[PDB]
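Heads up: the structure comes next, in structure tokens.
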Amino acid sequence: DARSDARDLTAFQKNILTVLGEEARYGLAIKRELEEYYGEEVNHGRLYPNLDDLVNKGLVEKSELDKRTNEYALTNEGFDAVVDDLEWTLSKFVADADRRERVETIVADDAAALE
Amino acid sequence: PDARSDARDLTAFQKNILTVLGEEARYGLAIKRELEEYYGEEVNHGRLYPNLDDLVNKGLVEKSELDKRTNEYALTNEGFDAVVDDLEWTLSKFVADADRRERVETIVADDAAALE
DNA sequence: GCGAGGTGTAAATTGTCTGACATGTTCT
DNA sequence: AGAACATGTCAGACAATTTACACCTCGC
Ligand SMILES: [Mn+2]
Ligand SMILES: [Mn+2]
Ligand SMILES: [Mn+2]
Ligand SMILES: [Mn+2]
Ligand SMILES: [Mn+2]
Ligand SMILES: [Mn+2]
Ligand SMILES: [Mn+2]
Ligand SMILES: [Mn+2]
């Protein structure tokens, strides 16, 4: 199930999954993205173990780009985890019509920004 | 006070509490129960209440007294901004193309349908 | 070759929960 | 009063990161 995976994870690793749901990336690129989110330096000694653990849970694929660089991407299971937490979040945020119109505005602005 | 400064370091558990309260304010054990539905297993109240207290001191949750054994927890304005800021983050990374988006659109549509 | 890029890794510190015991309250 | 309801609290146990050192690789 997507849920039994999406629960459990630490905030740090669900943020890793969100980042990878935008695009597959190599390790230090994930690192910089998380530094922009947290507004703090992110220790690589924290990130690599956590990507490793997301791999043994089958939510992240670790392929080789260089002999010094790895690319990390979402497996179909990690994607289902992302979607499941997004569904839970929206299920509880869209509690009335103004909440829906708010989400619709966010999504429409995002879409427009894809340009 | 920016919720981004206070809510991006929260634990997953605390974020889920904010999510639950985003739907509507609830008393303690009602939060416990809805969390238990999300997690599929029991949530120890000795874990819940101290994290509600931490969210309260961070200015994201308000603790009122319904009766003198029961407390009602509810988002402050900053707690609502924390929920919205996290949702905007998740979305800005998820809405990567037209199909990801229409997926979100149908999710929201079904949610609005459940409210009738 | 040399420096910078990319990742691996773990002991000690720090962060958090578990698994309780516990006190007042509302109900019948 | 008896019993479930609601929350308070925390020490022992567990989960996590910090802060280093470390090894190989690509770029110039
Ligand atoms: Mn940075
Ligand atoms: Mn680093
Ligand atoms: Mn829209
Ligand atoms: Mn976060
Ligand atoms: Mn917590
Ligand atoms: Mn309990
Ligand atoms: Mn945010
Ligand atoms: Mn936005």
Side-chain angles (χ1 to χ4, degrees), chain A residues 4-20 23-57 59-74 81 85, chain B residues 5-21 24-58 60-75 79 82:
Chain A
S4 99
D5 283 308
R7 62 163 79 112
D8 313 305
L9 311 143
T10 61
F12 190 70
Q13 313 164 130
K14 209 294 211 187
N15 285 336
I16 291 166
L17 294 183
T18 302
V19 162
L20 295 176
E23 200 185 33
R25 270 144 160 155
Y26 82 101
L28 292 173
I30 305 179
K31 194 179 148 269
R32 285 188 288 275
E33 199 70 74
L34 297 164
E35 289 173 288
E36 282 291 315
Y37 174 83
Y38 288 117
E40 312 147 12
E41 201 216 80
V42 167
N43 285 318
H44 81 260
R46 178 192 194 186
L47 172 90
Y48 292 119
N50 270 283
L51 291 152
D52 285 2
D53 203 35
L54 291 170
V55 168
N56 304 327
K57 300 190 168 169
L59 312 174
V60 178
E61 213 213 336
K62 175 203 231 142
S63 99
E64 177 210 284
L65 211 159
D66 273 336
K67 264 282 202 178
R68 83 180 174 174
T69 306
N70 301 320
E71 168 164 272
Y72 302 80
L74 282 189
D85 274 0
Chain B
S5 316
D6 286 324
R8 296 199 160 174
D9 290 39
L10 299 177
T11 72
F13 190 70
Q14 293 171 335
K15 294 223 231 133
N16 290 331
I17 291 178
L18 299 178
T19 299
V20 169
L21 299 183
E24 66 175 354
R26 292 175 177 289
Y27 83 103
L29 288 177
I31 310 184
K32 194 175 149 310
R33 276 197 292 283
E34 250 161 2
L35 291 176
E36 283 175 355
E37 184 151 41
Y38 171 80
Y39 284 113
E41 49 174 357
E42 191 199 277
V43 172
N44 289 312
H45 76 267
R47 189 200 190 175
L48 175 69
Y49 291 125
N51 269 283
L52 286 163
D53 285 350
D54 303 328
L55 293 173
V56 164
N57 304 317
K58 300 177 134 293
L60 322 193
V61 172
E62 183 198 337
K63 179 203 242 167
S64 39
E65 231 177 21
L66 275 170
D67 61 42
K68 294 182 151 203
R69 71 175 176 180
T70 306
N71 295 327
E72 200 216 45
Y73 303 85
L75 297 177

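Any value given below was found using the heavy atoms of this structure, including those in side chains, with hydrogens, waters and symmetry copies removed. Chain letters run A, B, ... following the sequence lines, proteins first and then strands; every chain starts at 1.
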Original post:
Whole-Å distance between D/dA16 P and A/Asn15 CG?
Top reply: 15 Å
Subject >> Value in whole Å for how far the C1' atom of D/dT17 lies from CD of A/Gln13 >> reply: 12 Å
**OP:** Could you tell me from which nucleotide to which nucleotide of DNA chain C, 5' to 3', there is an atom under 4.0 Å from chain A heavy atoms?
**Re:** C/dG5 to C/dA10
Subject >> side-chain contact (heavy atoms from CB on, under 4.5 Å) against B/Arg8, all qualifying residues, sequence neighbours excluded >> reply: A/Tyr37, B/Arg4
**OP:** Mind telling me the pucker class of D/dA22, north or south, from the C1'-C2'-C3'-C4' torsion?
**Re:** south
Original post:
Quick one: stems for DNA chain C, with Watson-Crick or G-U pairs under 3.5 Å, at least three in a row?
Top reply: C:5-8 with D:21-24, C:10-12 with D:17-19, C:14-23 with D:6-15, C:26-28 with D:1-3
**OP:** Can you measure from OG1 (B/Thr70) to CG (B/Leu29) and round to the nearest 0.5 angstrom?
**Re:** 8.0 Å
Subject >> Residues A/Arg32, A/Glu36: salt bridge by 4.0 Å N-O rule >> reply: no
**OP:** Look only at the side chain of B/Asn57 and the backbone of B/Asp53, and say whether a donor-acceptor pair between them is shorter than 3.5 Å.
**Re:** yes
**OP:** Pick north or south for the sugar of C/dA22; the rule is positive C1'-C2'-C3'-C4' for north, negative for south.
**Re:** south
Original post:
What distance separates A/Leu51 CG from A/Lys31 NZ, expressed to the nearest 0.5 Å?
Top reply: 12.5 Å
**OP:** From the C1'-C2'-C3'-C4' angle alone, say whether D/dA6 leans north (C3'-endo side) or south (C2'-endo side).
**Re:** south
Subject >> Atom-to-atom span, CG of A/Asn50 to P of D/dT18 - whole angstrom >> reply: 10 Å
Original post:
Who passes side-chain contact (heavy atoms from CB on, under 4.5 Å) against A/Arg46, sequence neighbours left out?
Top reply: A/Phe12, A/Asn43, A/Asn50
**OP:** Write down the distance between CG (A/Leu47) and P (D/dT19), rounded to a whole number of angstrom.
**Re:** 17 Å
Original post:
When you compare D/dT19 with C/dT16, how far apart are their P atoms, in angstrom units rounded to a whole number?
Top reply: 15 Å
Original post:
Less than 4.5 Å apart, any side-chain heavy atom of A/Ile16 and any of A/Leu9?
Top reply: no
**OP:** Identify whether any heavy atom of A/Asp53 sits under 4.0 Å from a base atom; if not, whether one sits that close to sugar-phosphate; answer base, sugar-phosphate or nothing.
**Re:** nothing
Subject >> For atom CG of A/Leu34 and atom P of D/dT17, their distance in whole Å >> reply: 12 Å
**OP:** List for me each residue that meets side-chain contact (heavy atoms from CB on, under 4.5 Å) alongside B/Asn71, sequence neighbours excluded, and say none if there are none.
**Re:** B/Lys63, B/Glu65, B/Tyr73
Original post:
Taking atom CD1 of B/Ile31 and atom CG of B/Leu21, what is their separation to the nearest 0.5 Å?
Top reply: 4.5 Å
Considering only nitrogen or oxygen atoms on both sides, find all protein atoms under 3.5 Å from nucleotides 3-8 of chain D and state each distance.
from: D/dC5; atom 1: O4'; to: B/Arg69; atom 2: NH1; distance (Å): 3.2
from: D/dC5; atom 1: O2; to: B/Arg69; atom 2: NH1; distance (Å): 3.3
from: D/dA6; atom 1: OP2; to: B/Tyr27; atom 2: OH; distance (Å): 3.0
from: D/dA6; atom 1: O4'; to: B/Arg69; atom 2: O; distance (Å): 3.3
from: D/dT7; atom 1: OP1; to: B/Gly28; atom 2: N; distance (Å): 3.1
from: D/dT7; atom 1: OP1; to: B/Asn71; atom 2: N; distance (Å): 3.1
from: D/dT7; atom 1: OP1; to: B/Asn71; atom 2: O; distance (Å): 3.2
from: D/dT7; atom 1: OP2; to: B/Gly28; atom 2: N; distance (Å): 3.4
from: D/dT7; atom 1: OP2; to: B/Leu29; atom 2: N; distance (Å): 2.9
from: D/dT7; atom 1: OP2; to: B/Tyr49; atom 2: OH; distance (Å): 2.5
from: D/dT7; atom 1: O5'; to: B/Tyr49; atom 2: OH; distance (Å): 3.1
from: D/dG8; atom 1: OP1; to: B/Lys63; atom 2: NZ; distance (Å): 2.7
from: D/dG8; atom 1: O6; to: B/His45; atom 2: NE2; distance (Å): 2.6

Subject >> C/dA11 versus D/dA15 - spacing of their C1' atoms, nearest Å >> reply: 15 Å
**OP:** Could you walk me through whether A/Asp66 and A/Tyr26 pass the side chain to side chain donor-acceptor pair (under 3.5 Å) test, one step at a time?
**Re:** CA-CA 10 Å; A/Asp66 273 336; A/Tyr26 82 101; over 6 Å; no
Original post:
Can you find a pair of side-chain heavy atoms, one from A/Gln13 and one from A/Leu59, that are under 4.5 Å apart?
Top reply: no
